[PDB]
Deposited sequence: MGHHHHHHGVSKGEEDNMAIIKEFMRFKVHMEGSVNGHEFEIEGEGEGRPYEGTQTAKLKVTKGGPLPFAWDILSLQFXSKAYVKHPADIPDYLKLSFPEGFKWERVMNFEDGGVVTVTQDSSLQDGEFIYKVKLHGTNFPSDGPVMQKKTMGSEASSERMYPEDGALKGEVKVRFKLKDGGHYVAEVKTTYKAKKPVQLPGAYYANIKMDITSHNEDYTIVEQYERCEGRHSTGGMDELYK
């Protein structure tokens, strides 16, 4: 009805990481009921970025999650009004990222507005030294709590020298109007950086997400 089988979005991010301020604009598209989407991002201010793109990648779209019929798609039901989410990422070396996001629908296309803080990243760590190579597939633990939908996921970023750089991610998703919350389930997520120029001022991403009753 309100969410069509193919939908586009536009996104803007204002952000700062270890004192470095920047803005990003991008556009995306996908099939919300299939759980597949792509996005094209451009660093419009403060580029080139002096830190790993991977900590920003997961900030650029839960309306595009495939759900079985027996799991309420809380975030699709939040529209047209939409929803907001807030996220904290606790990295293993003390770095921290927080994010606030507003998701709305205007003229049949999603509008995403993102605000990001990052700080306390070691200057010799993999984030400020750009030593990450995307993230592994993950399973986000979804559950209802405090009248919102919450998510916890351990994200493992791949290191160029082998091994993984880990962050514990906690997110809250809250519809702007009361809508049916689901029971606890699992969202299997796979995201790939599909293309980028040399300094990562132009980046493309693909993501597949599916909700399941088990991991």
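Counting the deposited sequence from 1, the stretches lacking C-alpha coordinates are 1-18, 79, 235-242.
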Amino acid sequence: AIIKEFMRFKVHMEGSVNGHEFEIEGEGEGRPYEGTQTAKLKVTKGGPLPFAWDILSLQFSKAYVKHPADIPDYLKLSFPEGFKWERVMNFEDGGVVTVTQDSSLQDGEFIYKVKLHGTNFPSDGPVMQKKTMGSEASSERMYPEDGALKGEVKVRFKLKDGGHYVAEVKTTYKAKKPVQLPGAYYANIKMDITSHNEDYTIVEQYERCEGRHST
From here on, numbers count along this sequence of modelled residues.
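Comparing 130-138 with 112-120, the stretch with the higher mean C-alpha B-factor in the PDB entry is 130-138. Stretches compared: 97-105, 121-129. Higher mean C-alpha B-factor in the entry: 121-129. Among the modelled residues of its chain, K176 has a C-alpha B-factor that falls in the lowest third, as given in the PDB entry. Looking at the C-alpha B-factors along this chain, the one for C209 belongs to the middle third. Among the modelled residues of the chain, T194 sits in the highest third by CA temperature factor in this PDB entry. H67 sits in the middle third of its chain by CA B factor, as recorded in the PDB entry. When all modelled residues of the chain are sorted by CA temperature factor, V153 is found within the middle third.
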